[PDB]
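# Per-entry structural report
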Amino acid sequence: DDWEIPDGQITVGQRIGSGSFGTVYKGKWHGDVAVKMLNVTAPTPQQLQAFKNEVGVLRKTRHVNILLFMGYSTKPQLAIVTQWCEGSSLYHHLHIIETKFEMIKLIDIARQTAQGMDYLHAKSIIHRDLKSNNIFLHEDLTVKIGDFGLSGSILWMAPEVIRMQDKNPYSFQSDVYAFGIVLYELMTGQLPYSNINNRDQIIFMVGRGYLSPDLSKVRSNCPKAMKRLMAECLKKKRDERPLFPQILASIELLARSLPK
Amino acid sequence: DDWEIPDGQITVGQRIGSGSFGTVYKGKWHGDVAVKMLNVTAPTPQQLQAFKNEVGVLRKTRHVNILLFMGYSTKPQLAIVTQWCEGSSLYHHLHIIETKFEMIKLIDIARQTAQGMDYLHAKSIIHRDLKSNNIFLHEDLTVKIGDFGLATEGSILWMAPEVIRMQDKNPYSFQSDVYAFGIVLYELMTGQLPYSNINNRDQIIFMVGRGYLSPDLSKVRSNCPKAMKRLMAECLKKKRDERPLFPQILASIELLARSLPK
Ligand SMILES: CCCS(=O)(=O)Nc1ccc(F)c(NC(=O)Nc2cc(NCCO)ncn2)c1F
Ligand SMILES: CCCS(=O)(=O)Nc1ccc(F)c(NC(=O)Nc2cc(NCCO)ncn2)c1F
């Protein structure tokens, strides 16, 4: 019935994940899985409560483009379990191993990313932290959006969010901006502001609105509709940003227009 | 929250086939989906409840090797919504389009099929109707076992003796599933359906019933691993208490899988 994996069917193996928000591993549980150790041992009822409530959200999701939640566990220590992805992150591909994708594939990856997000917003879930780092290309064709449940990745933050004008800057639109940047990534092979060695400047500039991503780097064969759709997603006034309903349409229209 | 998908949201496309109390259509709903249209038009509370229950069973499963449940609808008529698959059924591949899968793939398809079953069993769910038509082969490498909702409540080749002879009220067990598995194991190692050399269905049913007939294993292609052929037989045991369980089945596959690729 309940999604709490009982004690010790999970074989934490191979380390993977970075900082402290959580630490990620490869595991075994009816086949390969990934496990995110929340590493906040001895909760603390109720942070156990807030957490289990966080779970409530993940279990709200059943969809191909969203990293599949398989379960959570408390007992060894708080943790989350998802399907393992045989492949590499949109980030990794693009910016570390430098994968030359077909333009077609690029458009497709965007489309699937688009698909997923739209589904999330359908179930009223703001991701709050999309980035090329969280888009895993499973088996090199299926796009899996993860790390939405529950610092140094500010290139995807809409100014509205950078500059902290109130308590809640995070909208669907904040999410559309992020997506707009991963569009940019796909379309230019690279990061924004790739030519600025200082972070706080980037924060300050995009915040105050002096520094905008260079769109002249969208190489030649990125179709105008897609480039214009990038333009759209990045508009700094969020109201002028199109949501995924419409975002999906614009792509799927130029999707027909070019499998030849 | 509720996995009920309001009427008018699901675009219904191509009719693709029949399957256990409904018709199946390719469909749009947040991108491609499959839709089984439960043609038992307007229940009948509480068969409306029966639906709700079997759905309860479904949402208990979240696995890679299990066809992704996505939603249901009572509203226009009754329906189950799951992920679409670019690919064909394992039955289709094998006995209709005649794909020639290399051994390694075949062991892999097998392993994954097991994978899912173990999961389903891990959650006390008997499939009751595993066949090569149920196992879908998505983007031609990921197995997705579908079709076990309702099935409480067409094809006897996968049916274990203990089932075929009605005998008692419930013959369906894990081991029953294991048998079925055994058959698609045969299917994969031969690309035949069993008893291809008998034209009479009753006859087949009868004899398997008393175990006069049983799959002709000697037909496994020249290079199907020793361990595999051995395992097939363990899964095809006539005495239901001699078949192994999916934990142990995975056990022996993964072994022979590592004893292989190089
Ligand atoms: C629906 C996810 C729930 S969430 O809290 O939003 N995210 C979340 C929770 C637990 C996890 F282990 C992960 N996974 C990761 O952080 N990474 C990951 C990498 C990978 N392949 C690595 C080889 O390229 N396969 C699976 N997961 C999550 F994304
Ligand atoms: C997942 C458990 C729910 S169930 O009721 O047990 N089965 C069940 C429920 C609704 C469906 F649409 C289906 N699907 C099917 O029967 N077939 C199917 C074929 C396909 N393409 C291959 C055509 O090329 N892609 C997706 N699904 C089910 F299997």
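Per the deposited record, the coordinates in this entry were obtained by X-ray crystallography to a resolution of 3.50 Å.

Let us now look at the pattern of salt bridges. Residues and elements named next belong to chain A. Tallied over the entire structure, the rule returns 17 salt bridges over all chains. Here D32 and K28 are joined by a salt bridge, their closest N and O atoms 3.2 Å apart. On the basis of relative accessibility, which here comes to 34%, the residue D32 falls in the partly exposed class. Judged by relative accessible area, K28 falls into the partly exposed class, the value being 44%.

As enumerated under the stated definition, the model contains ten aromatic pairs over all chains in all. Ring plane angle 65° and centroid distance 6.4 Å describe the contact between A:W3 and A:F69, whose orientation is recorded as edge-to-face. Placement of A:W3 in the segment before β1 (23–28) and of A:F69 in strand β3 (residues 69–73) is noted, with a sequence separation of 66 residues between them. Taken as a pair, A:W3 and A:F69 share a single burial class, namely buried. When the ring of A:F51 is compared with that of A:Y72, the centres are 5.7 Å apart and the planes differ by 80°; the resulting orientation is edge-to-face. You can see A:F51 sitting in helix α1 (residues 48–58) and its partner A:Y72 sitting in strand β3, a full 21 residues away along the chain. The residue whose ring lies beneath B:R62 is A:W3, and the NZ or CZ to ring-centre distance is 5.5 Å.

So, how was this worked out
- Entry numbering is not used for residues: they are numbered from 1 along each chain in the order the sequence is written, which may differ from it, and residues without coordinates are omitted.
- Naming scheme: in the order in which they are written, chains are lettered from A and ligands are numbered from 1.
- Calculated side-chain values reflect all of the structure's heavy atoms, with hydrogen atoms and water omitted.
- Take a side-chain nitrogen of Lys or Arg and a carboxyl oxygen of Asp or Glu: if they are within 4 Å of each other, that pair is a salt bridge.
- When accessible area is computed with a 1.4 Å probe and restricted to protein chains, residues below 20% of their type maximum are described as buried, those above 50% as exposed, and intermediate ones as partly exposed.
- Here a pair means two rings of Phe, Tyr or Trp (six-membered ring of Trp) with centres within 6.5 Å. Their orientation is stacked below 30 degrees between planes, edge-to-face above 60, and tilted elsewhere.
- Strands here are runs of E lasting at least two residues and helices are runs of H or I lasting at least four, both read from the DSSP assignment and numbered beginning at the N terminus.
- Put simply, a charge is over a ring when the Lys NZ or the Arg CZ is close to the ring centre, within 6 Å, and near the line of the ring normal, within 35 degrees.

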